[PDB]
Protein chains: 4
Amino acid sequence: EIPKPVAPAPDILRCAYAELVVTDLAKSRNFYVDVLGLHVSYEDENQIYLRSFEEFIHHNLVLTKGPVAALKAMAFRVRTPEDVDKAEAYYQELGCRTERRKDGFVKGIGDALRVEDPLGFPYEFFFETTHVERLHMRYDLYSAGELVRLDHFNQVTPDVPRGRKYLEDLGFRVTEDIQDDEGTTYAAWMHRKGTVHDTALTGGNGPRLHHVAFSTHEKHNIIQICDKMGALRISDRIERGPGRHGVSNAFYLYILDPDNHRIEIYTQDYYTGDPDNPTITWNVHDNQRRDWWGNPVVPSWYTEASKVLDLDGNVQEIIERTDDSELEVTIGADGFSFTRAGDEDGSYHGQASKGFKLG
Amino acid sequence: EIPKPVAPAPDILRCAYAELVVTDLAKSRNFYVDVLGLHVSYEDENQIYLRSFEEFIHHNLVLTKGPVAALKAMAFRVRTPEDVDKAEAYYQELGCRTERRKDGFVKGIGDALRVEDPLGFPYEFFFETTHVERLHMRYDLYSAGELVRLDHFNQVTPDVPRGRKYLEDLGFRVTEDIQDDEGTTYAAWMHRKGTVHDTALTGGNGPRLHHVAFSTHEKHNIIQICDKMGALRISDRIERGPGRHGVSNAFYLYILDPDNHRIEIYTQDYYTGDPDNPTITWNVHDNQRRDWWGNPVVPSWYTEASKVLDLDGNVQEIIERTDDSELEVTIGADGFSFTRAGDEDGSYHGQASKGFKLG
Amino acid sequence: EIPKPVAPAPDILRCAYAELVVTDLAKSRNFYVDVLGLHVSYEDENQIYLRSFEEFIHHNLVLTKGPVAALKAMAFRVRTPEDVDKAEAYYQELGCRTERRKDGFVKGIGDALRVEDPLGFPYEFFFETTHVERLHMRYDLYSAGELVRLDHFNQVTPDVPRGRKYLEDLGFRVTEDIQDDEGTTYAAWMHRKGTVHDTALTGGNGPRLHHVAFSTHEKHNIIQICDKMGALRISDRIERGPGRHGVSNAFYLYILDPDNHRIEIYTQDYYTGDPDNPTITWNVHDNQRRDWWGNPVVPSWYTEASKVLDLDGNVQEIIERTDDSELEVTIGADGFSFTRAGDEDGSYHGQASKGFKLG
Amino acid sequence: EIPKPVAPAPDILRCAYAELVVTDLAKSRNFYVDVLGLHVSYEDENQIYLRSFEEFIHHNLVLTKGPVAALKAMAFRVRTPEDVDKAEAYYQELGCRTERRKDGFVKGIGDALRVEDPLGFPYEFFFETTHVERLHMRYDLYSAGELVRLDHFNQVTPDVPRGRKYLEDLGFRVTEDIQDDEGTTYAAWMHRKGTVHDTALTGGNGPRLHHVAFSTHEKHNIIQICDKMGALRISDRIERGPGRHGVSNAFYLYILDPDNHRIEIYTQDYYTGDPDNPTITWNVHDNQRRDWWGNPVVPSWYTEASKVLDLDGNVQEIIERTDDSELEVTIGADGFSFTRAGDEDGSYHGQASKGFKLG
Ligand SMILES: O=C(O)C(=O)/C=C\C(=C/O)[N+](=O)[O-]
Ligand SMILES: O=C1C=CC([N+](=O)[O-])=C[C@]1(O)OO
Ligand SMILES: O=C1C=CC([N+](=O)[O-])=C[C@]1(O)OO
Ligand SMILES: O=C1C=CC([N+](=O)[O-])=C[C@H]1O
Ligand SMILES: [Ca+2]
Ligand SMILES: [Fe+2]
Ligand SMILES: [Fe+2]
Ligand SMILES: [Fe+2]
Ligand SMILES: [Fe+2]
C-alpha cells in the first residue's frame, strides 16, 4: 500500500521525546514531577519540559496546556543535520503534509520537521538540541523509583502489516511480533537504537497513542512506583502490572496520568543491534506472550489510548480495525488462551486467566 | 466461646514445620525441590524432609505419601522440654484429643504432642529436634529464588473472633485484622516470634489449611520464582501475585503445588515483638488492604483451601461459615470496594478492580 | 569477675535508642536528616529526635547539643513497667550507680532508669514511651537509601570475657564470637530480640562506643548511601565497606558522622530466637571473618571509637586493653591472616589482604 | 603516528568473543562453568566454548589448552561479510601481519581475519557465526550470579594517545578518559555498540590484556559472585571490589581465573549512541574517578595483566611506558589524591585512601 520512496530514508538514532497535550498543567506537574520524579529542564504557565536521570538532550517529555488531551508529536533524533533534509524529501515523495521550522517547534530543539505520516501520526525529525547537565551520577537527587531513560513509544493502528512495511522502509528493524495460525497480525515491535524497540504497533482503532515508556535501573525501582502510588492512595491509576513481559522480556508497569495518557515503566530487555538479530513471533492465544506469568491483560489496555493531533492542532479521525481483535480472540466470550499449546489444563475459554472474566 | 484454661500455656517460640500429605511423591518432590529449591534433609519412598536455606532444625516441611492430600500437622516449637508437658495439660483442660509420642511423629523430631485443637486443626508442639548443617552462608548452593525461612501458616475457620480469643489465651498476639463497620471480622494475624505472624485466621468454611509461607531475602527472589515458572511453562500454577500486601506490608506470591496445596512466598514485613505493638485494623471494603496496588484478589484465593486430618488420619468434617463472606462483600455481585474512603472515583460496585468480574 | 545478683534480671526486649552528644547541632542535622533521611519526631535548638522508617516508639536516636561529643546513653526497652524496678534492684545489688526519673531523661520516654554499668557504660532501661505514626507504609517518604530499623550498638571494652559473662547474667545470649588458639577472645555478639545481636563487645581501650547500626530492606539501599555520599563529594566519610560480614552474615557499611561517631548500615542477618541457637566461633586470623570477601579491615576501625559519659555528664576514664590486639595480630607488622586454614596460598604476613600495608 | 588508511574501515558492531589460552582445561572449566555459570556451546578435550545468558551467536569465550596462559584473540563482529574483506585491506595498508581463514579459526565462526594490530594485539574480525538457542528467557537455568552479556575488553598499552587515534580512525568513539593538568593521558574508553565501551586502553607496559568484562542484570547479581567465592573459600581470587566506578558509572567487581586472567563483572552504565555524546574527562588525582566511593585501587590492578600472543602463538614482547604511572602519581610514595579538589581534608599524600599504604 505505502510504496518505498526513491529518496533515501533519514538515519534515525532513537526515540527522543513526546509532546503531550494536557488539560491542567498543575495536576500534570504533580504527576510527572511529584509522583514520578522527572527532572524539570524548563517550565512556564503553558509548558513543562522534563528529562530522565541519564539524559543529556534538552528533554524527553514536553507537556503543553490545551483544550483537548492528545499526542501532539512523537520525536525521533536523527544522526546529522542533513538527515532533517532527507526526512523532508522522504515524506514529500510519500505525499504527506510536512512542516519545517529552522527554529524548532518546542524549546530546546533547533531545526525540525513535523509530518502527518501515512498512518496519521504526527512524527518529528530533528538533530539540533540544547545539551543540559547529564544527571547520571547525581545520586543526591536519585529517587527510589528513578526514571533513567526514554525507551520507546507504542502506536495503535488498524492494519499492522501496512504500518510495519512502512516503518521497515524507514529503517526500523522488527524484533518480535504476535500473529495467529490464520495469518492475522496483532502487534509488532521495531527498533533503531539496539533495544527491543523505539516504537511499536498495536492493532486497533487508529491513529491513537497507546503509551510512552521510560526505563528504570532495576526491578525494585518499578516496585517502588507501585508502593508510592499506594501510599498517595492513587492505586486506581495503576492500570496493569507490574509484571514480566513475554514479548521483549522486560519487567513492566502501566500507569495513567491525569488525562489518561498511559505511561509504561520498563526495564531489562535485550540487545538487538546485530543485523541478523533473531526474530520472535508469538501466537496470540499464548497466555505467556504479554504477561509471562500468565496474569490477565486488563481490558482497558486493549481499548483505551490517547487521541492524536494533526499539524493544525486538530484531533485525527479514527479509522476502525477490521482484522480480528486481540481482546476478543483471547479474553472475550469466544476467545481462548493457553499455558501449554494443545494442553487443555491451564487454558481459558471465554474468559481471562486467574479466574476473571471481563467486567 | 473457648474458655481460658487454669493451666499455663506452653511458651511457643515460632512456627517450625508442616507435614503435608501428597498423592504422588515424585511429582511433589519436583515442585518443592526442583522448582522451589528446598534442601532435602532426608527422603525415602514414603516421605521427603525439606528445610530452608537458614534453618538449623531438621526440617520445615514433610511431604508424606497418602491417599488423600491434606494437612497432617502444623507444628510449633516450644521453648523447653517442659513446655511439651504444659501443652498436653493445656489441651486436656480444653477438652481436646491429644496424642503423645516420646520419640516423635516424624523423623528429626523427638518428644512431641499432637492435638485436635478447638478449631479442629492438627497442631504439634515439640522441643527436641535433630540439628542439621545450617546453610545460611552456603552461597555455593544459593538459588536465584532461594527460600530462606519458614514464616507462617494461614488457617480457614468459620468463626474468627472465636479462634482469635483461643489463640490470644494460648499467647499469640494479634498484630493486624480485617473488619467491617457492622461488627464482622473477616481475618486476623497473630505472632510469637516478633514478625507479623506465625499463624493467621481467614474467615471461611473450615477447618481447611489456607497456605504455608516461606520467606526470601529480597523482592527480586520472588520475581525469579515467577520467571522460572514461566520458563517451565507452569505459569498456570501461579495463583495470585506477585504484589505488596496491605496487611503486613510484605511482598508476596501465591503458587499451587500438584495437590493444590497453596504456598506463599513472602518478604519484608516489620518487627512486632514489643508487647504494646500497635494493632492495625483495615476495613474489608478498602481495595488496598490485601494487595496495596489495588490488584484484584483472585476468587480461588477465597474459595479454595486444603483439607486437614484428624489424629486417625481421616479428613476433618467442614463447618460452613455463617458470617459475611469477604469474596461477596468486595468482589461479588452486591460487593463494593474503594481506593479512597468516601470517594466514588476509584470505587468498584458489583465487580473486581482493574476491569474484571468473577469468572 | 562480675558476680551474678540474687535479684532477677530485667526482661529486656531489644535495643531501642541511643543518645549522642554532638558539638554542632545544624551540622549533625544535615548528616542524619539530609544525607541519611532519618525522620524527625521532635526538634528544637538543643535536641533532634529521629526515628527509622518502621519505628512506632518516639525515636531511635537523640542528638543532644553539648561541649564534648560522646555517648550519653544507650537505651534498652523492657517488657513491663515492673522490669524498670527489677533493673534498679539488679544494678544496686551490683554496686553500680543508678538514677531513676519517673518522667524520663529525654522527651518521649516515661519512667526511666539510667546506670553506670560494671563496664563504665551509661545504660538506660524503660518501658513507657510516646507512640508515634509508624511510617512503614509511607512510601511517599521512602528514600533510595531508607533506614528501616535500629538494629544494635557495639561497645569497646578491654576484657571481653568479663563483659560477656555480665551480659549473659543480664539475659543476653551470645551468638557469635572471635577467639584465637591461645585463649584470647577478641569480640562477642549477643542478643535479646532474635537477630544476631542487640549489643556486642569489641576488645580494645574502653569504655568506648564503637557504633550504632541501622538496617535497610535490601542490599541496594546500602549501595545508594555510598553512591549519594560520592555525589555529595563526602566519600571520605565512608570509613569501611560496603561488604558482606563473616560474623552475622549481614551486608554492611560503616560511615562517620560530623563528630566521628561511627554509624553502621546493616541488612539480612539470620534468626536466633530458639534457645539452642548454634553458636559460631571464628579464629581471629581467618581473613573471611569480618569481611567475607577478604577485603581488608581499615585500621581506624580498630583504633577509633567514641567517648562515653558518666551520669554527671563527664567523660568516662579509659582503661587500656592488655589482651592481644586484633589489629596487631592480623594486619600489623608481625600479624597474620589466612584464606584457607592451613594453606600458605592466600595468606598474608605483616600486611593487610589485597595488596596493602598500613599508613 | 599511526596514519589513517585510505581503505574504508570495516563496520564494527561490537566486541564479540575472546579466545584465552589456559594451562589446565579442567580447572578453567570449574571456574567459568561451575563458579561463574557460563553456558557450554561446545566442548572437547582441548577447548571450551562458552556464552552468556542473552547471546545468540555461537560463543562469547573460548578456553584453549596450551603451554602459556595468554590472550590469543579478541574478536569483534562486523556488519556484513564484505566488512571482513575491508578489514584485511585496511590492516594490509597499515603494514600489519594478517591471516585470513574462510572457515574460521575456531568452531562456530566462519570467514575470519586475524591480525597483529599496530599496538601488538591479536584482533579478529568476522561476520559469519553459528546461531544457537538464545537463553534470555530460560529462567530455569538462571543463576543468582548470572552473566548476561559480554560487555568489553580492556587493553594495557604504553602510549594511550597513539592507541586512541588508531581506534578512532577504526570508528570507535571516545566516551570518557583520565588525564592530568601537565597533559598526560592515563586511560581512555571507546565504543561502537552504544554503551560506554567495547574496548578500552589502560596506560602501562604492553601489549597486555587487562581484562574481559561480562554484564549482569542487577547489582545483587555481582554481590552473589562475591558471596559464592567466600563460600568456596576462594576470596583471595577476588582482586578488587565490588565498587561503583566513577568513569562509566557502572557497578563492578574484578576477579582472577586459575591462570590469573582478570574478569570484570559489570552493570548499569549509560547510553552513548548519539554522535555528539558528551565526553567526560576526569583528573588523575580525583580519588572518585576509579571507585566513586573513595576505596583504594589495589596495586596489582595497575601492575598485573595478561600476556598476548602473536599469530604464531608466541608471546608478544612488552614495551615499557615512559609516560607517568597512574599508580605512582596517585598512591605511590610521591603521589596524591583528593576527595574535593583543592581541599587538603580528604586528601592523601604518599599513600592510598582508607588508611592504607602500598604493600
Ligand atoms: O560487629 C558489627 O559491626 C556487626 O554488625 C556484625 C559483624 C562484624 C563487625 O562489626 N563483623 O566484622 O563480622
Ligand atoms: O513494551 C512492551 C513490550 C512488550 C509488550 N508486551 O505486552 O509483551 C508490550 C509493550 O508495552 O509494547 O510497547
Ligand atoms: O501473608 C499474609 C499477610 C497478608 C495477607 N494479605 O492478603 O494481606 C495474607 C496473608 O497471606 O495471610 O497469612
Ligand atoms: O569498565 C571499566 C569502567 C571504569 C573503570 N574505572 O577504573 O573507573 C575501569 C574499567 O575496568
Ligand atoms: Ca457496612
Ligand atoms: Fe511498551
Ligand atoms: Fe500469608
Ligand atoms: Fe555492628
Ligand atoms: Fe572494564
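What is reported rests on the model, the rules as stated and the sources as named; no laboratory read-out is quoted. Cβ sites come from the backbone with ideal geometry, for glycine too, and all protein chains shown count toward neighbours.
If the condition is being over 21 Å from C:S41 (Cα atoms) and touching a residue at least 40 places away in the same chain (Cβ under 8 Å), then the range C:94-114 contributes C:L94, C:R97, C:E99, C:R114. Of all residues in the range B:178-199, those satisfying the criterion of being surrounded by 22 or more Cβ atoms within 10 Å (Cβ to Cβ), out of contact with any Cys (no Cβ under 9 Å at 6 or more places or on another chain) and not β-branched (V, I, T) are B:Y186, B:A187, B:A188, B:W189, B:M190, B:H191, B:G194. Go through the residues of the range C:93-109 one by one and say whether even a single one is under 20 Å from C:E168 (Cβ atoms), part of a helix (DSSP H, G or I) and not assigned by CATH to the domain that holds C:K165. Yes, some residue in the range C:93-109 is under 20 Å from C:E168 (Cβ atoms), part of a helix (DSSP H, G or I) and not assigned by CATH to the domain that holds C:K165. Could you check the range B:112-160 and list, in sequence order, the residues that are farther than 30 Å from B:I2 by Cβ and among the small types (G, A, S)? Across the range B:112-160, the qualifying residues are B:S143, B:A144, B:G145. Just to be sure before I move on: is B:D259 in a loop (DSSP other than H, G, I, E, B), under 17 Å from the mean Cα position of the chain (by Cα) and farther than 23 Å from B:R289 by Cα in the structure I sent? Considered against the rule, which asks whether it is in a loop (DSSP other than H, G, I, E, B), under 17 Å from the mean Cα position of the chain (by Cα) and farther than 23 Å from B:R289 by Cα, B:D259 comes out as yes.
Taking the numbered list (1) surrounded by fewer than 18 Cβ atoms within 10 Å (Cβ to Cβ); (2) of a type in the set (F, W, Y); (3) in contact (Cβ under 8 Å) with a residue 60 or more places away in the chain in turn, D:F356 passes all entries but (1). Yes or no: the range B:275-289 includes at least one residue that is part of a loop (DSSP other than H, G, I, E, B), within 13 Å of ligand 7 (Cβ to nearest atom) and within 14 Å of chain A (Cβ to nearest Cβ). Looking for residues that are part of a loop (DSSP other than H, G, I, E, B), within 13 Å of ligand 7 (Cβ to nearest atom) and within 14 Å of chain A (Cβ to nearest Cβ), one finds none in the range B:275-289, hence no. Do you know which of the residues in the range D:297-344 that are within 11 Å of chain C (Cβ to nearest Cβ), touching a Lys or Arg at 6+ places or on another chain (Cβ under 6 Å) and assigned to a loop (DSSP other than H, G, I, E, B) is surrounded by the fewest Cβ atoms within 10 Å (Cβ to Cβ)? In this case the residue turns out to be D:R340.
Once the range D:194-222 is narrowed to residues that are in contact with a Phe, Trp or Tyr (Cβ under 7 Å, 6 or more places away or on another chain) and assigned to a helix (DSSP H, G or I), the residue that is farthest from ligand 3 (Cβ to nearest atom) is D:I222. For the range D:181-188, check the following and say yes or no: at least one residue is under 30 Å from A:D274 (Cα atoms) and either assigned to a strand (DSSP E or B) or away from chain C (no Cβ under 14 Å) (or both). Yes.
The set of residues in the range D:100-115 that are over 26 Å from D:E133 (Cα atoms) and under 23 Å from the mean Cα position of the chain (by Cα) comprises D:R114, D:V115.
Candidates are the residues of the range A:239-249 that are small (G, A, S) and near ligand 2 (Cβ under 6 Å from one of its atoms); the one that is nearest to A:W293 (Cα to Cα) is A:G246.
A count restricted to the range D:1-42 and to residues that are surrounded by 15 or more Cβ atoms within 10 Å (Cβ to Cβ), more than 14 Å from every other protein chain (Cβ to nearest Cβ) and farther than 20 Å from D:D85 by Cα stands at 14.
A quick yes/no check of all residues on (1) farther than 29 Å from D:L141 by Cα; (2) away from chain D (no Cβ under 14 Å); (3) within 16 Å of ligand 3 (Cβ to nearest atom):
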position	(1), (2), (3)
B:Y123	yes, yes, no
B:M137	no, no, no
B:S143	no, no, no
B:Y166	yes, yes, no
B:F172	yes, yes, yes
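Is there a residue in the range C:248-256 that is more than 17 Å from the chain's Cα centre (by Cα) and in a strand (DSSP E or B)? Looking through the range C:248-256, none of the residues is more than 17 Å from the chain's Cα centre (by Cα) and in a strand (DSSP E or B). In the range D:225-272, the qualifying residues are those that are within 12 Å of chain C (Cβ to nearest Cβ) and charged (D, E, K, R), and the one that is surrounded by the fewest Cβ atoms within 10 Å (Cβ to Cβ) is D:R233. Apart from one condition, A:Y91 fits all of (1) without any contact (Cβ under 8 Å) to a residue 40 or more places away in the chain; (2) within 14 Å of another protein chain (Cβ to nearest Cβ); the exception is (2). Filtered by the rule that a residue be farther than 16 Å from D:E55 by Cα and not in a strand (DSSP E or B), the range D:110-139 gives D:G110, D:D111, D:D117, D:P118, D:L119, D:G120, D:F121. Taking the criterion of being within 10 Å of ligand 3 (Cβ to nearest atom) and not β-branched (V, I, T), the residues of the range B:223-248 that qualify are B:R240, B:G241, B:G243, B:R244, B:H245, B:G246, B:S248.
Within the range D:133-147, the residues that satisfy the criterion of being buried (at least 20 other Cβ atoms within 10 Å of the Cβ) and either of a type in the set (D, E) or within 16 Å of ligand 9 (Cβ to nearest atom) (or both) are D:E146, D:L147. Checking C:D291 against (1) away from ligand 8 (no atom under 13 Å from the Cβ); (2) among the acidic types (D, E); (3) in contact with a strand residue (DSSP E or B) (Cβ under 9 Å, 6 or more places away or on another chain), which single condition isn't satisfied? Exception for C:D291: condition (1). When restricted to residues that are in contact (Cβ under 8 Å) with a residue 24 or more places away in the chain and either over 18 Å from C:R149 (Cβ atoms) or within 16 Å of ligand 2 (Cβ to nearest atom) (or both), the range C:263-275 contains 1.
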